[PDB]
Amino acid sequence: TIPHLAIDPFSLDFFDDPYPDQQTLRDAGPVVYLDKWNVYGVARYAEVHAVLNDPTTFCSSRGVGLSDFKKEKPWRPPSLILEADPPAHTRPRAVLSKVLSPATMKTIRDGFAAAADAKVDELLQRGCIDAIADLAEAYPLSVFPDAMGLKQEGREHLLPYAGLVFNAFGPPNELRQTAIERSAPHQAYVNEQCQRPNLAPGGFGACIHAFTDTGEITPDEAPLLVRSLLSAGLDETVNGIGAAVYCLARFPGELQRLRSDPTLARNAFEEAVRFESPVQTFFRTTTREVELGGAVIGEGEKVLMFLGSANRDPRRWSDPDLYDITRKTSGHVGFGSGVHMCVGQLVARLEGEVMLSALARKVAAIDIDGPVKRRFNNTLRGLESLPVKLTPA
Ligand code: HEM
Ligand SMILES: O=C(O)c1ccc(-c2ccccn2)cc1
Ligand SMILES: [Cl-]
């Protein structure tokens with residue numbers, strides 16, 4: 001009943017420009033079968049949203065990558081939050097929700113905004129910069145490791161580890177296997193920083209360990225929960241900030257609207273998350289035979305969701321391929337949906353907002369002035385290089 005397609009959503013051709021193939025996947029039907037990897041695929045908003053919001057049928061404890069943890073061993077010990085289902089997911093999720101809570105954002109907002117303003121001031125002195133290395137990468141590295149409580153030495157492992165984590169959700173292709181081959185020093189660094197004595201007082205890591213007193217998590221659970229904040233959040237936020245700068249460079253009318261009302265900075269970043277979804281794909285595993293979109297999927301089957309495709313589905317969005325900083329973005333799935341919806345979303349929005357605010361107030365024009373290079377990852381979408389000239393306001 002369901003169409004079989006040979007599209008490889010983990011190929012370099014797909015990474016380079018996924019949007020035509022995503023229309024083909026959406027228009028083939030609500031549920032497709034991807035013969036290249038023997039998985040089901042859903043690329044329309046409706047089915048992506050339905051899958052994310054039924055965690056009992058479409059579980060996460062068998063992995064959110066291609067690998068089925070019932071059949072293969074995970075490349076690293078499973079995440080206590082991402083790779084767990086309710087009820088095991090519930091208490092670790094609550095701890096991270098309180099560590100990264102609305103109240104916590106007040107304690108870090110002033111410092112995050114100051115670092116964003118300072119970075120833009122510094123970049124304006126150079127004029128011609130790389131908006132990835134010098135901005136989208138440099139800014140999160142200047143605020144988040146400190147907010148975690150990490151020491152200075154060894155931070156060069158953070159970007160490789162994040163890219164490794166998201167490559168490892170993919171199939172065993174060259175991108176994944178080469179990342180795992182070089183992973184040992186990054187794993188060793190990350191696992192060591194998760195121990196309580198290595199996390200500075202007042203930071204996110206120390207706060208996680210402090211929750212072991214409440215009954216929500218035990219002391220032996222805290223290192224892995226800290227590991228979550230050294231796995232997720234870096235590359236996605238980098239890619240989101242880079243995408244926002246890319247969009248403001250490509251859509252100068254939107255930069256002009258943002259300059260005229262810098263309070264649109266938060267929604268300008270949210271629209272960038274919808275428009276160039278930093279996380280493009282990941283999986284669920286069926287725990288039973290299930291009818292989805294008129295299709296019957298058997299038990300123990302991997303289901304690949306196309307988050308970026310759902311965020312550009314014309315069945316759900318008006319003018320989905322336009323970047324609109326006043327768009328009503330509520331409902332996009334760039335942060336997921338349901339019980340696993342990004343627990344770090346307040347940190348990401350804070351970083352994105354204060355950076356776009358600094359650009360809105362200090363920059364008059366953003367002009368691409370060099371070759372734009374794409375960064376390739378099995379599940380992340382982002383730029384490798386974005387040469388731009390910043391004109392001061
Ligand atoms: C633009 C930036 C970000 C994007 C696009 C993003 C995307 C996502 C998505 C789609 C999920 C759902 C995964 C699933 O349903 O299986 C998720 C979960 C998660 N995110 Fe993010 N994220 C971002 C920033 C962050 C930050 C800054 C942090 C940490 C400070 C973080 C930590 C996490 C964690 C721990 C989870 C697992 C939540 C759970 O399983 O309950 N993320 N993220
Ligand atoms: O708990 C962790 O280590 C972890 C949590 C979440 C992610 C993630 C996965 C897919 C999309 C967005 N985020 C990765 C790792
Ligand atoms: Cl690890």
Side-chain angles (χ1 to χ4, degrees), residues 52-53 55-56 59-61 64 76-113 115 140 143-151 158 161-162 165 190-237 240 266 269-270 273 278-279 282 330 333-354:
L52 286 166
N53 280 100
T56 303
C59 78
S60 296
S61 66
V64 303
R76 62 170 186 167
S79 165
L80 293 184
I81 182 175
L82 174 77
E83 290 155 343
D85 299 320
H89 164 264
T90 304
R91 271 192 276 189
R93 166 78 184 206
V95 166
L96 286 191
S97 187
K98 298 167 188 177
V99 167
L100 308 174
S101 63
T104 305
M105 299 303 103
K106 179 124 179 168
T107 69
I108 61 174
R109 173 168 184 107
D110 283 341
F112 274 43
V143 289
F144 190 83
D146 286 331
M148 277 297 301
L150 296 178
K151 66 178 181 179
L158 291 175
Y161 190 79
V165 165
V190 165
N191 288 333
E192 185 53 33
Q193 311 321 306
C194 291
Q195 293 289 319
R196 194 171 194 167
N198 300 331
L199 295 159
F204 299 148
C207 186
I208 291 167
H209 281 276
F211 269 97
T212 63
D213 267 5
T214 72
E216 295 179 91
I217 55 167
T218 58
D220 65 283
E221 290 182 301
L224 275 193
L225 208 50
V226 174
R227 195 193 71 178
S228 283
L229 300 194
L230 302 179
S231 313
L234 177 49
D235 271 10
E236 308 93 286
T237 304
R266 200 166 170 97
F269 181 72
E270 200 76 9
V273 175
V279 182
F282 49 89
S330 180
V333 294
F335 289 114
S337 185
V339 304
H340 289 277
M341 186 184 180
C342 181
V343 77
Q345 63 189 255
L346 302 186
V347 175
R349 287 173 182 144
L350 173 60
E351 290 186 63
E353 179 197 348
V354 299

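Along the sequence shown, residues are numbered consecutively beginning with 1.
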*Verify the neighbour count for atom CZ of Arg76: are there more than 12 heavy atoms of other residues, nucleotides or ligands below 6.0 Å?*
yes
Quick one: closest heavy-atom pair of [X] and [Y], and the distance?
X      : Y      : answer
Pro201 : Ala206 : CA-CB, 4.3 Å
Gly240 : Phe269 : C-CE1, 3.7 Å
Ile217 : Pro92  : CG2-CA, 4.2 Å
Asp85  : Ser61  : OD2-OG, 2.7 Å
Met148 : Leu199 : O-CD2, 4.0 Å
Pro145 : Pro140 : CD-O, 3.4 Å

_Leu229/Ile208 under side-chain contact (heavy atoms from CB on, under 4.5 Å): CA gap, chis, key distance, verdict_ = CA-CA 10 Å; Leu229 300 194; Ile208 291 167; 3.8 Å; yes
*Taking atom OG of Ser231 and atom CD1 of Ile81, what is their separation to the nearest 0.5 Å?*
11.5 Å
*If you measure from CG on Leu230 to CZ on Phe204, what distance do you get to the nearest 0.5 Å?*
11.5 Å
*With a 3.5 Å cut-off and no angle check, do the side chains of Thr104 and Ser101 form a donor-acceptor pair?*
yes
*salt bridge (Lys or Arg N to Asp or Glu O under 4.0 Å) partners for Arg266, two or more places apart*: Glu353
*Could you please spell out the steps behind the side-chain contact (heavy atoms from CB on, under 4.5 Å) verdict for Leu234 and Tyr161?*
CA-CA 10 Å; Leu234 177 49; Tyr161 190 79; over 6 Å; no
*Is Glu221 paired with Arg91 through a side-chain N to carboxylate O contact shorter than 4.0 Å?*
no
*Evaluate side-chain contact (heavy atoms from CB on, under 4.5 Å) for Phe282 paired with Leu82, printing each intermediate quantity in order.*
CA-CA 11 Å; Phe282 49 89; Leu82 174 77; over 6 Å; no
Which donor-acceptor pairs under 3.5 Å do the side chains of residues 338-351 make with protein atoms, sequence neighbours left out?
{"from": "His340", "atom 1": "ND1", "to": "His89", "atom 2": "NE2", "distance (Å)": "3.4"}
{"from": "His340", "atom 1": "NE2", "to": "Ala84", "atom 2": "O", "distance (Å)": "3.4"}
{"from": "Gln345", "atom 1": "OE1", "to": "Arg349", "atom 2": "NH1", "distance (Å)": "2.8"}
{"from": "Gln345", "atom 1": "OE1", "to": "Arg349", "atom 2": "NH2", "distance (Å)": "3.4"}
{"from": "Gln345", "atom 1": "NE2", "to": "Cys342", "atom 2": "O", "distance (Å)": "2.8"}
{"from": "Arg349", "atom 1": "NE", "to": "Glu270", "atom 2": "OE1", "distance (Å)": "2.8"}
{"from": "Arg349", "atom 1": "NE", "to": "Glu270", "atom 2": "OE2", "distance (Å)": "3.3"}
{"from": "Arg349", "atom 1": "NH2", "to": "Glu270", "atom 2": "OE2", "distance (Å)": "2.9"}

Are [X] and [Y] side-chain neighbours, meaning at least one heavy-atom pair lies under 4.5 Å?
X      : Y      : value
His209 : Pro223 : yes
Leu225 : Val99  : no
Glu216 : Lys98  : yes
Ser79  : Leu224 : no

*asked:* Walk me through whether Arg227 and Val190 qualify under side-chain contact (heavy atoms from CB on, under 4.5 Å).
replied: CA-CA 7 Å; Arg227 195 193 71 178; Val190 165; 3.9 Å; yes
*Give a yes or no on whether the backbone of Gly233 and the side-chain of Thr237 come within a donor-acceptor separation of less than 3.5 Å.*
yes
